[PDB]
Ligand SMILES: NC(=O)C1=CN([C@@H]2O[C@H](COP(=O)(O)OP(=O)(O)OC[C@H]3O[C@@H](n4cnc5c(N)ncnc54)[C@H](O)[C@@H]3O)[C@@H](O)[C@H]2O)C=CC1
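Next up: a single chain in structure tokens, the form solved without this ligand.
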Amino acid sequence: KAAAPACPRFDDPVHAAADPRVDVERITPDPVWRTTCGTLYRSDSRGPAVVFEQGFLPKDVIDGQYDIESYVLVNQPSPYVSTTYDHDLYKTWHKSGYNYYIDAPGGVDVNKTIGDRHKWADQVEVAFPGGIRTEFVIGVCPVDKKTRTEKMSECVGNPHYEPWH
């Protein structure tokens, strides 16, 4: 094989945002940004026809919960779209229909920002302020709820995905 190259470093930490109205200075605590560029994942019940068209939009960039600890622990409407480093986290999700694959720069590394002591540290989450544009959504695999497995013959690539590294 070969050894992997480092990742491109973007100047804007929310370059990936689907809603650029997000206010980075409102993020608390001081965010530790993800600097790796491996695939990330999101369990979502929303279908690819919607996600491939819109990307992942956050619930409320205006008056949503900008405190990452509060958002992780109680999940009010927020400027964030959560993803995970863990390909298999979909297996822990009740009924969410799809495992989305994401290739996006940046995001707030939740455990590096609020520590790995908290209740949901096992989710190894990356929270995207402003969400995630469709160009950074690779594709999706539907999940068979009864076996908690991906239906790999039914995965779909996002025609809008734009490789960048």
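We number the residues from 1 along the sequence you see.
The protein also exists as the form solved in complex with this ligand; that form is not presented, and the subsequent description refers to it.
With this ligand left out of view, choose which of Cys37, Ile138, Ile27, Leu57 has a non-hydrogen atom within 4.5 angstroms of it in the deposited complex. Contact residue from the list: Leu57.
Would you please decide whether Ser43 lies within 4.5 angstroms of this ligand in the deposited complex, comparing each non-hydrogen atom pair? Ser43: yes, in contact with this ligand in the deposited complex.
4.5 Å heavy atom contact, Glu125 and this ligand in the deposited complex: Yes.
Out of 50-83, which residues reach within 4.5 Å of this ligand in the deposited complex, heavy atoms considered? Result: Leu57, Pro58, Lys59, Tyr71, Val72, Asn75, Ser82, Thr83.
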